[PDB]
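The structure appears right after this line, and notes come after that.
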2 protein chains.
Amino acid sequence: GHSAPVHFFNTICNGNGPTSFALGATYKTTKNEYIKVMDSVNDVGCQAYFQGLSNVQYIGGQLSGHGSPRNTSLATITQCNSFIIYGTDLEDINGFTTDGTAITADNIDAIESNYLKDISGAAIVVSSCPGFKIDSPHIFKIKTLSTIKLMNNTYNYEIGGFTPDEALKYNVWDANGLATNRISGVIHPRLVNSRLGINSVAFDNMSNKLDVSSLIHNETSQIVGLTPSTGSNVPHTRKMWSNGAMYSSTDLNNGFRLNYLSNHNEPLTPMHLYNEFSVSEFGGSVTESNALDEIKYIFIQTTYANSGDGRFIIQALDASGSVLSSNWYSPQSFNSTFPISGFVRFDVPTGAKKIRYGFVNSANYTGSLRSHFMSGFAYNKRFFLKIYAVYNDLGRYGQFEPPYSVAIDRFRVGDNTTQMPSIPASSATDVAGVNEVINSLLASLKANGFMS
Amino acid sequence: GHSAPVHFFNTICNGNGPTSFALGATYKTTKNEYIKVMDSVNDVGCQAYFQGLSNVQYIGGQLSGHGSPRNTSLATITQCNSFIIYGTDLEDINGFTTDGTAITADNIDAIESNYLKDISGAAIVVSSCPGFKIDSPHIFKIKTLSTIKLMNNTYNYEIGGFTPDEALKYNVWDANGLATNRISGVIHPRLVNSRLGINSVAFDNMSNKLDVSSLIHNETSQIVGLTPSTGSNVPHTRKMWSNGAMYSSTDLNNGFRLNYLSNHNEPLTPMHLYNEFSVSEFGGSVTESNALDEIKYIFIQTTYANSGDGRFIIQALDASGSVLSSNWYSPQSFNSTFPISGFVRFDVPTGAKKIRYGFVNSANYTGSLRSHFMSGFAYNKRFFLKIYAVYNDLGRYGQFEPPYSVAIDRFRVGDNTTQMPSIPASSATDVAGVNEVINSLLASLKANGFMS
């Protein structure tokens, strides 16, 4: 049941929440009776609460908590339709949870894990409101986890360019999770490459993600597998990696070889499957305060599997090869989409010169990509790996993309080379000795893909 | 200090700045005393001036100069926060500068070069206002250099689809320049492919630039250099170019070979490094009024350098091969992001059939890319070249992108060919003569990159 349409013009809600004084206060009536103002010691409030509405326009008002009242949010929108905000002043929130837990930068990590499905933790919490829009307000003094929280099937939201870095952890906190739900929202690019960015779920549902990032690694499985294989669910050639090897040569359907690594801050050896590339390369006549960093965030998308022991490692190195930062990622960590695949976020620290990424084994044995990362193809039969690089500035150092030229036929249409038909061995009865180099050259051609 | 939030509704500011009559006017007081109205002969004004505000909404008003008053702009926003415009009528501006210089179509080039940092030259001038929104209003009769001007760290702006071609030079004039600033704005795509487009700085900061354009040339330096190299800071091969050569076959790190050319309208020879491709290919049963042009603008991004005689040349040719238009681009011209790289804009004239682009030398000697275009790798240690083609219509002729097919393994995962191990020379003592054709094929395989 609902009412539509509700119109709000230049309306201000200020200071509306349980405060320190109100919780301990007792109202004395004219009949000399005392009434306890609080319902409980964990009483929490809000400035504006909306539920069961449609076509609500809040045009140029103000939502702020002055006097530090215990608020779970400034505006709570639940089960509404087409809630649009037009330049509302938002400021001075006192972050709390629904059960009365104070949101503080000290315990900001336990709030995201234990209170993900809670209706709290942002200046504006949107729950089950399809047509949401915020339209670039000015926000400041936000003492909670994020600025906007989206959850419970908010699938067509649009978020404008408000003040990026005001909350404690994020700017946009997408908490939508359900396999049946298809979320596709629009986020301003300036909110992604800021000091506080968006979480991995918000980047999963960001439709204009190529406006701020680009793919630095794109690998998928082939259609027809090679000769020594019993399937075509993983790569069989290793041609996309600089170090490492394959798990098996008699069954290529087993993926890459996962070698043991004790922790993510340990050095990678040539036996591990990993790549390496440099960033932020500027000359000697440039000051490091003028030349900023290249990459701000790195988003990795991979297949999802319930069990693990196979880790996707990523490291940020500097000059002299010292590890500045690292992180593990188990197969069950990619659950933006629980059934198929998910996203993870990695923060590139300032001063990093090189980036390493690959697959390792967290247990003390040698595993394979199929059995120890994909769980034997139980949740997905097509492996893929996508790594997005969110640049600090749009195109300062040049975005990384595959080479192409409209005037060169090798890149415009591709090269005109085909696999040669199989040539039999040289067994002429006219001379020996030369059959040494001929059959070896014919064998090298067949072994390197040039010949069938 | 500031006031927030200021609300404007259906408010009109009409014909306010100093006029011809007012400048020469003298007020006669009741006490028979005379007061000169004009402070100086170069008095200038605007309809609305805003400074030090936050969360300002101008909802459906009108800003117009009637009676031709001397105005630097219609609205001047300076050091504000979240200024949003909602469908405001804007019209009839008389372009002037802050010092009283009239902005006409004759001096439109000297004003852009000499008054870049001036707070003037547009219908709406935005200076140091992060959250600016324009919401696409209807605009006409604009006698300034541009319609919107952005400068002084306006880093997150959205510009809607207003009337494109009303100003004299541009639609959006981005004047943001600073090494520490990170600008990321959103511009409506219909404002980029218009008669008047956006300047090179606005395309630099345009995050949704792939919605209106596509890369027709993308080239970067490799990681590991070739054998005679002394470093890997430039392309060591010439596979991206159809003409020209390398500077020296003994170093390969000096880059391409820059040959002398008198002017940009001179014909390019096979000794020059340049490419060529055709545009607007329609059949005989199509009328040229129905078949429009293919490319509207071309944006080139390259590394910055403070000196050098090497020039990036681009030419627009026709049938019979006559040069319609051309332009030089020195290394200092790529300074839209001063310390690293920059953008330039080239206007493709109507009737053009072919486009040529490459690198030449403006001085009468043969130079190299490392020394005569870059300053010895003093600013950027990685060379890149990205050329964007802004199409007249979105996909009329088909956008140029690398070939791909999801059903072909050669394009889905790549070809399964590797460099063969080095095969020694055939020196068998059993027969000669054939060893000539054997070692010549083995030498060619090693020379063509097929063999190590």
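We name chains A, B, ... by the order of the sequence lines, and we start the count at 1 in each one. Side-chain atoms are counted along with the backbone in the values below, which use heavy atoms only and exclude waters and symmetry mates.
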Is [X] in contact with chain B via its backbone, its side chain, both, or neither, using a 4.5 Å heavy-atom distance?
X      : answer
A/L226 : side chain
A/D430 : neither
A/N208 : neither
A/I59  : side chain
A/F162 : backbone
A/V431 : side chain
A/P164 : side chain
A/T287 : neither
A/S289 : backbone
A/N218 : neither
A/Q62  : side chain
A/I408 : side chain
A/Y391 : neither
A/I139 : neither

* With side-chain contact (heavy atoms from CB on, under 4.5 Å) as the test, would you mind laying out the steps for B/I300 and B/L385 before giving the verdict? => CA-CA 7 Å; B/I300 305 104; B/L385 174 57; 3.8 Å; yes
[Y] and [X] side chains, donor-acceptor separation under 3.5 Å:
X      : Y      : value
B/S184 : A/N193 : no
A/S242 : A/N275 : yes
B/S221 : B/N233 : no
A/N439 : A/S426 : no
A/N10  : A/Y58  : no
B/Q222 : B/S232 : yes
A/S278 : A/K354 : yes

* Asked: Salt bridge or not for A/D293 and A/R396, using N-O below 4.0 Å?
  -> no
* Do NZ/NE/NH1/NH2 and the carboxylate oxygens of A/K141 and A/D92 come within less than 4.0 Å? -> yes
* Which is it for A/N171 and A/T147 under the side chain to side chain donor-acceptor pair (under 3.5 Å) test, yes or no, and what are the steps along the way? -> CA-CA 5 Å; A/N171 309 352; A/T147 298; 5.3 Å; no
* For the residue pair B/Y304 and B/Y379, is the inter-centroid distance of their aromatic rings smaller than 6.0 Å? -> yes
* To do: Could you tell me if the ring centre of A/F9 sits under 6.0 Å from that of B/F9?
  => yes
* **Residue that, paired with B/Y388, satisfies ring pair (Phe, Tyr, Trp, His ring centres under 6.0 Å) out of B/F400, B/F203, B/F299** => B/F203
Top of [options] for chain B proximity - count of heavy-atom pairs under 4.5 angstrom:
options                      : result
A/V212, A/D393, A/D89        : A/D89
A/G161, A/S405, A/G433       : A/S405
A/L394, A/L292, A/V286       : A/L394
A/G61, A/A432, A/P235        : A/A432
A/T88, A/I12, A/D135, A/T237 : A/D135
A/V434, A/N448, A/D211       : A/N448

Using a 4.5 angstrom heavy-atom cutoff, name the option from [options] with the most pairs to chain A.
options                        : answer
B/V56, B/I438, B/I84           : B/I84
B/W241, B/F277, B/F377, B/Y155 : B/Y155
B/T417, B/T337, B/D204, B/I216 : B/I216
B/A428, B/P402, B/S341, B/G131 : B/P402
B/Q419, B/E401, B/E276, B/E219 : B/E401
B/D409, B/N380, B/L445, B/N81  : B/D409

Please classify the contact between [X] and chain A as side chain, backbone, both or neither, with a heavy-atom cut-off of under 4.5 Å.
X      : result
B/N435 : side chain
B/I423 : side chain
B/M206 : backbone

* **Reported NZ-to-NE2 distance for the pair A/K386 and A/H217, which is rounded to 0.5 angstrom** => 11.5 Å
* Short question: side chain of B/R382, backbone of A/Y397 - any donor-acceptor pair under 3.5 Å? -> yes
* Asked: Does B/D174 reach the main-chain N or O of B/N176 with its side chain, forming a donor-acceptor pair under 3.5 Å?
  -> yes
